[PDB]
Amino acid sequence: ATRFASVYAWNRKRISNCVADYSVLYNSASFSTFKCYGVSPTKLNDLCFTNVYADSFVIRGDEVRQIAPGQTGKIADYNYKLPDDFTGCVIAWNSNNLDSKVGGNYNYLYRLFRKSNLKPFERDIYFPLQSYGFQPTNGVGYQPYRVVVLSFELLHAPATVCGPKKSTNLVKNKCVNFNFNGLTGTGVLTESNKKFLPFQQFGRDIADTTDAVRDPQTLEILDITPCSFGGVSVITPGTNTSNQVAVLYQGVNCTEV
Amino acid sequence: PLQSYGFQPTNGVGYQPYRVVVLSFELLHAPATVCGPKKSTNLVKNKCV
Amino acid sequence: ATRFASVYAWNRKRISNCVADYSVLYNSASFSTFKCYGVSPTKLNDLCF
Amino acid sequence: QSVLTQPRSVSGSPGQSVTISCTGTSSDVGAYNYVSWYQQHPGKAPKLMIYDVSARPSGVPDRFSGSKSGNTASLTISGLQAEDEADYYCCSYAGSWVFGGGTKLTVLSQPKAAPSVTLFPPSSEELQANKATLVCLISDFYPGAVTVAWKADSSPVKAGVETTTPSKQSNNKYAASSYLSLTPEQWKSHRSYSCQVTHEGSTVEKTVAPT
Amino acid sequence: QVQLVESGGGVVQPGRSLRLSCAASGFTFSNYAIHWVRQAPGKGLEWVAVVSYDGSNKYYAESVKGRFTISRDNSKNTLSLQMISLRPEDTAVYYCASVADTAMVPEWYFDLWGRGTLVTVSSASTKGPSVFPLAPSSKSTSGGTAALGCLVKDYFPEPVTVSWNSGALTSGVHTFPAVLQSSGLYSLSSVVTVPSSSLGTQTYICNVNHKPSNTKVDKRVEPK
Ligand SMILES: *[C@@H]1O[C@H](CO)[C@@H](O)[C@H](O)[C@H]1NC(C)=O
Ligand SMILES: *[C@@H]1O[C@H](CO)[C@@H](O)[C@H](O)[C@H]1NC(C)=O
Ligand SMILES: *[C@@H]1O[C@H](CO)[C@@H](O)[C@H](O)[C@H]1NC(C)=O
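Given below as structure tokens:
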């Protein structure tokens, strides 16, 4: 983009209903830092998401030490705040023709005075508002950097944001390795006798596992059963008689060995 | 064992000098005499506070 | 202070019998980093030493 | 467009104000706000004085000032000092860096001197050597700004022109020279050739004959 | 000290190649763009090229594309300018042009300059001058003042010393600095101002000496 928003007044671009491509943002070497908190930084492709908030502003370069969640600082307690249980990625890279320019860059402002601390994800709108002079034979962390915030929320909703992978035809009555919007797991799948409400996605048990999903492109509902297992037990006489054995499978019948 | 450093503002940031100060407190294990600008409030008895 | 101590012969000044005011020292911005260990820098105004 | 239009020289009294234009195009000047001004001492590198026409960088005195409307920038230097006497250059960057034509600021320190022009025909020994060089000589002029205009009986000739940039002579005025290289067949074809100079708007014309 | 030191200049022939460079000190060279801006002696300014730190984005001028190649090394804080197919209009003082740190000035403007080096693309060799007597016109306006001289033409290199009547003629002598034509040669002019009533008795000889070519031509200046 041509012009961004300030750390005083920032910009919130709500992003939904599109196919993401994080890898092209990952492999391109145009970034000073790439720190994904709560999610592994290369596993960005496989998990499918509900809502995306693109949050862009600019900052003093040493204050990328203070952009971390939980970390205190004059941007953290006054200007821009993350929760402690934040997940997502913050990406910052240098700006020496990008946001650095002459005229100062006094379009972008920072508030240094406030009489309290902040609520996370808040935009607040002596005189408390100032704008830096970007001069690096002082700090090269007194340079402005393009910082961006990719906040995520984990799956509890209709997921609509994920990457470039290709789906496949399903199957039934065979233990497979499934994947639904990022939910992995094993087991067997069958048709649902259970009627389903037209706003949910997930059947969860008492035992905190998933028994019922719906295909995110087909309104059929499937039941999840973990494919059968059992204890392995051996019947034998003593070794001082023979070496013939007897094999016993616990709690499952012989049609599946 | 003792050597000196040259500190010009021409050198890079890693070579500039940095004024550093350490405030080592000893926590209360004895009568305290050092703390912030607060004001006391008058005590009460026989009421949970 | 206009002239400081070298690290070889570093200065230990001692503080007692006074009311601290760290908040004005915190709330002002002149410091590259302000880190505290075993203690959080916002909380010092509460304790008493 | 290709070269930004500037005045070739601006003469001003010391302590006064001068205004130097930087005329470009809509794709060069009026597109963005990125116009610069560059002071270059002779024998040295250039030096930045103005960004983004309004303001100044660090170390630049407030005597330098700019104004832009439409497609013409205007550097304004109030209180002319003798250290401002150098070459001036304006540059714009919309997609590419396009410099200006060049402007020699002349800080006046002595009264105005009109150029004495003496035009010579090429010699007969050169005409036997199948060559011809017209010799137009400029001397004793201040401020240091002349433009040589050759003429063939009414008409301007621009090809084959070699002219010296004005350098100092002994009595603090400047000296110059301009050469017109032609063939002997073009020399004996027309009637008269003229070398016109232009010094602070004043024109001194000398005319020779092939006879 | 923020400092840029050019290298690679010299005197080359047309049709050949050359590689220039510039070393940086005093500033983080990996975070700001350096440029080449060329200036012919006594002429205006002309930008050449630009290189990015990843080595992908480069922009050239219209008289630059297809011949000149800029590259940089962010680790050694130097660069290179590979130049092939050199023509004599490329003869200019070449500046590596970047920006320092202290300024708010970005990299697309021009604050931090270099000292420059000279690149000469020319095929001219050590040539002796041709001394041609500029004949005066005292035969029609006699009685006042006539101007006579001799034309020095087609020599290389600098200098040529001109004396008048073996140094005895001093008053009115003003030898001019030379021109630089397209062929790479030089041409000066020396004209003495004489009284017009002295051309029928006094013979005026200019003594043209070219020391790197060992050329001493004594030419007489007679009226037509
Ligand atoms: C997505 O898949 C569904 C299958 O339920 C189909 O109806 C729809 O046309 C598909 N959209 C595409 C391929 O863009
Ligand atoms: C058990 O094994 C030993 C050695 O193999 C043998 O001597 C003994 O007779 C065995 N016991 C019986 C009851 O066969
Ligand atoms: C396994 O499940 C029950 C329990 O023994 C049995 O009646 C059934 O026939 C077995 N399944 C198959 C496919 O034979």
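Chains as they are written, first to last, in PDB author numbering: chain A, 344 to 468, 489 to 620; chain B, 491 to 539; chain C, 344 to 392; chain D, 1 to 211; chain E, 1 to 224.
Idealized CB from N, CA, C, for every residue including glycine.
Chain A within 8 Å of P159/E, Cβ atoms only: Among the CB atoms of chain A, none fall inside 8 Å of the CB of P159/E.
Interface partners of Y93/D on chain A, CB under 8 Å: Here the premise fails: no neighbours, minimum Cβ distance about 11 Å.
Reference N439/A; option with closest CA among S383/A, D398/A, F497/A and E619/A: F497/A
Cα-Cα separation between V160/E and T193/E, rounded to whole angstroms: Rounded to the nearest angstrom, the two C-alpha atoms are 20 Å apart.
Whole-angstrom distance between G502/A and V503/B, CA atom to CA atom: 7 Å
Reference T163/D; option with closest CA among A135/E, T78/E and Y186/E: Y186/E
Contacts that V524/B makes with chain A (C-beta to C-beta distance below 8 Å): What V524/B touches in chain A: nothing, since even the nearest Cβ is about 22 Å away.
CB-CB length for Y508/A against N437/A, believed under 8 Å: Going by Cβ atoms, the distance from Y508/A to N437/A rounds to 6 Å, so yes, they are a contact pair.
CB contact below 8 Å: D405/A versus chain C: yes
Within-8 Å CB hit, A363/C to chain B: yes
Close-in-space but distant-in-sequence residues of the same chain around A348/C (CB under 8 Å, 5 per side omitted): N354
Endpoints, the alpha helix (DSSP H) within which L151/E is located: Premise fails: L151/E lies in the beta strand (DSSP E), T145 to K153, not in any alpha helix (DSSP H).
Rounded straight-line distance, which links the Cα of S80/E to that of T147/D: 39 Å
Pairwise C-alpha distance: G447/A and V35/D: 15 Å
Contact test: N603/A Cβ vs ligand 2 heavy atom, cutoff 7 Å: The nearest non-hydrogen atom of ligand 2 is less than 7 Å from the C-beta of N603/A.
For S98/E, the three-state DSSP class (helix, strand or coil): strand
Sequence-distant residues of its chain with Cβ nearer than 8 Å to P177/E (five each side left out): The answer, listed in chain order, is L188.
Alpha-carbon spacing of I598/A relative to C538/A, whole angstroms: The alpha-carbon atoms of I598/A and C538/A are separated by roughly 28 Å.
Any chain E beta carbon closer than 8 Å to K444/A: yes
Limits of the unbroken beta strand (DSSP E) element including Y369/C: Segment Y365 to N370 is the alpha helix (DSSP H) holding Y369/C; no beta strand (DSSP E) there.
Same chain only: Cβ atoms within 8 Å of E6/E, ignoring 5 sequence neighbours per side: Taken in chain order, the residues that qualify are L20, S21, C22, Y94, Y95, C96, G114, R115, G116 and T117.
Close beta carbons around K462/A, own chain, < 8 Å, minus the five adjacent residues each side: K424
Of the residues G26/E, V11/E, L18/E and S17/E, the one placed nearest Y505/B, counting alpha carbons only: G26/E
Chain-ordered residues of the region 362-390 of chain C with a beta carbon less than 9 Å from chain A: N370, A372, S375, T376, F377, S383, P384 and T385
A73/D and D28/D closer than 8 Å at C-beta: Taking a C-beta distance under 8 Å as the contact criterion, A73/D and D28/D do not qualify as a contact pair.
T523/A beta carbon near ligand 1 (any heavy atom closer than 7 Å): no
At least three beta-carbon pairs within less than 8 Å, the region 48-63 of chain D to the region 105-119 of chain D: no
Minimum Cβ-Cβ distance from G502/A to chain B less than 8 Å: Among the residues facing chain B, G502/A is included, as its CB has a counterpart in that chain under 8 Å away.
Which listed residue (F29/E, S17/E, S137/E and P157/E) has its alpha carbon closest to that of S75/E: The residue from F29/E, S17/E, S137/E and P157/E with its alpha-carbon nearest to that of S75/E is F29/E.
Partner residues on chain C for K417/A, Cβ-Cβ distance less than 8 Å: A372
Residue closest to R346/A, alpha-carbon to alpha-carbon, out of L552/A, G545/A, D427/A and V510/A: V510/A
Supposed close pair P521/A, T430/A - CB separation, criterion 8 Å: No, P521/A and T430/A are not in contact; Cβ-Cβ is about 19 Å, not under 8 Å.
Chain A contact residues for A55/D, given Cβ-Cβ distances below 8 Å: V445 and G446
Opening and closing residue of the beta strand (DSSP E) in which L585/A lies: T581 to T588
Burial state of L513/B (16 or more Cβ within 10 Å): exposed
is_contact[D73/E, chain A] using C-beta, thresh 8 Å: no
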